[PDB]
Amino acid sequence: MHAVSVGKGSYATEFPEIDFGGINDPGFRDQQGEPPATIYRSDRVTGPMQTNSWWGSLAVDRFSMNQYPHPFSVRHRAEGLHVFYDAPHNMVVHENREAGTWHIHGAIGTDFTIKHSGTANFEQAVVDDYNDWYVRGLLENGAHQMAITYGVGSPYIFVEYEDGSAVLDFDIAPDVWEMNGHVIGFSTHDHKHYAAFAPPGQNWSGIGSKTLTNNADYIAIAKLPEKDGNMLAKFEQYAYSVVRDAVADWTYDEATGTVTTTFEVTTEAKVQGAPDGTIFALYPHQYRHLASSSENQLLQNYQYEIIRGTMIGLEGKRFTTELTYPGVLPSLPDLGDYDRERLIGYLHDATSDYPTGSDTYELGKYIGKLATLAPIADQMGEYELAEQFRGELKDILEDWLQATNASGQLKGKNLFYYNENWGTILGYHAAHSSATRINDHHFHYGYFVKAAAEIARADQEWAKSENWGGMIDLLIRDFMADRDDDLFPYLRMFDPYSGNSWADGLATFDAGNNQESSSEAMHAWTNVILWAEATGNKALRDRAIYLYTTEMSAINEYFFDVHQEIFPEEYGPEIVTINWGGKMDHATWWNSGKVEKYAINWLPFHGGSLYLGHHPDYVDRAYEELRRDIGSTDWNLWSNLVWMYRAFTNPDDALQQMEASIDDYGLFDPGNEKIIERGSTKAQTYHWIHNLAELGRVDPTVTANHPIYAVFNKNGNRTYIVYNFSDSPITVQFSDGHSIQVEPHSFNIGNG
């Protein structure tokens, strides 16, 4: 066979002969392919190749595209490594009124080029090593080699030379304001402040000219926060400690809900006595959550301005952040003041819904929709309908989770395949370049895990490894593997340091990598929490908890700017739709209207969505701005998503809008998402808004000693919600002294 058996399921090991289903569209057909054959990595990098990284273009392009190892941007070329910093004069905020788009971006310039004395014509740049957030790029020309070590959160670039020495080349002569022989402080013609470091005795030459040279086979470059010799002296201390290892280790304390992450480097000395450590540049989502024991390592005045706001300097081997996991739910409970017969009707209406495509994404949206309806059907006493939805889920997954047909041949569609070259599970039919660019695996597979988590909630037997569980856990491994996974790189999607996932597998853009729907990422993480809890997989659960909680911290900074500190004042919208390494867009990957540029970071609504309601002033600010722009509450598209979002702070208003318009159209209509977004239903919309109306506001100030919970607060009156996935009753302690007993396989309140 060209298939590997996993419990009752299987994946392909040879590329299937695709069933194109008579579709001739060149786009659709090109989608049904594989990621690039050529990987630019040396023979030192073996095993499943890392993807979905800030540095991906180094691996995919012969050289690289523009990359953002903050505070720097860099790019590999035949001539060497171009180095740049966006100063305020490089930054712009542009609006296209007719498109309804905004762009915050810098420039693709060159402050200087780091060069090798022996060649300006390297053949390629390869990935020679990487760790949790640094990369080692190797520019290669036979005996001539230049190895560049750099990373997000590193104000150093470390440069190692073979068969040559260091050259720094400038278009306009820099100002060398400090000359210590082997160490120089310099500024570009336009006043960007840098430093360069060589070992003692290896003195810089060409001071005053456009080309600075050093005979050493090792230099470091630093971005300096200020033209300041005291800072230069501090940067000297770690300029010879090249980062070799970097690890973000975490723990989840289930009793308190605290997610603790330690970021640790291990360096190699390039001069005698070089300390084992570095100067880290911390992002807002890190330093705003800095542990007490790390506070003394801060270099208070060491600030860098970047697209994500202000970075700050911290010195040493490690630092720690502390975050609070807020819980998730399998769905909202039965606590609304809805008309029950009206909800039952909408539940039956949803039997008309069908997927709007055969690809993993459209099919994903559909199964997430069914998985969302089934607990509501249970709650309304419609157990036979709930079972129909779960049966349809089972039928869909039992199809997709087998790579072979009844005769034992590979299927042409509705299957998964292991690309060995990169080491990734791909689904066919594919879309959004999920296969050709290894894009969005969390977005797509998150919907599959949702379907499986809802099945598992009602049927533990189905979810066992030897049954359909093994294939689900394989999908999960693809997008969030642990270390030393034989088939997959570590935490594919996630960048533990930038604190968010990256959607593009290749990152071949001059803006670095990107993420549009942070909510579909949070959806993926929620679903792994639910799945792992249902199936008794503690290690997997805690990993998804760490991801959910960390991703949340990046979202509130860089998507939402809840603290009003990151977006430039002149930027009109109250959200960034797509975050890049180097820029921020109020824009979508498809041609869209006004609502979608907000709501793509809200959808889908589910039992893990309550994170969206932690900052009520933000929810109001964002809503009101979209309302201002629309000019009324007549939403251009996806009205139901707006109402559901509005319910976080004002469910009376959400109810009123809903009552006025929910029944404007009848049954599922793919051509019309004015009222109901195609991944959503009337039943979901109606259930959510009424639940929020009775419960009040999300209360993130209360934690619990178990992971599957929520706490709401209505005018000082708290409602506590727990779902118990266990065969035994549990007792849950909340952080405000409240405690509750929960029966097996049930909610504490609102089971229906």
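We number the residues from 1 along the sequence you see.
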| message | When the Cα temperature factors in the entry are averaged, is it 648-656 or 516-524 that ends up higher? | response | 648-656
| task | For the higher mean C-alpha B factor in the entry, choose 98-106 or 667-675. | result | 667-675
| field | Residue, from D478, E551, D337, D561, that the PDB entry assigns the highest Cα B-factor | value | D337
| message | Quiz for you: based on the deposited Cα B-factor, which of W602, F235, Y150, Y302 is highest? | response | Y302
| remark: Tertile call for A693 (CA temperature factor, within chain, third-based) is the highest
| message | Going by the CA temperature factor in the PDB record, which third of the chain does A59 belong to: lowest, middle or highest? | response | lowest
| query | Taking the C-alpha B-factors as the PDB entry records them, is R318 in the lowest, middle or highest third of its chain? | reply | middle
| task | Taking the chain's C-alpha temperature factors as the reference, tell me which third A216 falls into: lowest, middle or highest. | result | middle
| said: Quick check on the deposited entry: does the C-alpha B-factor of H687 sit in the lowest, middle or highest third of its chain? | reply: middle
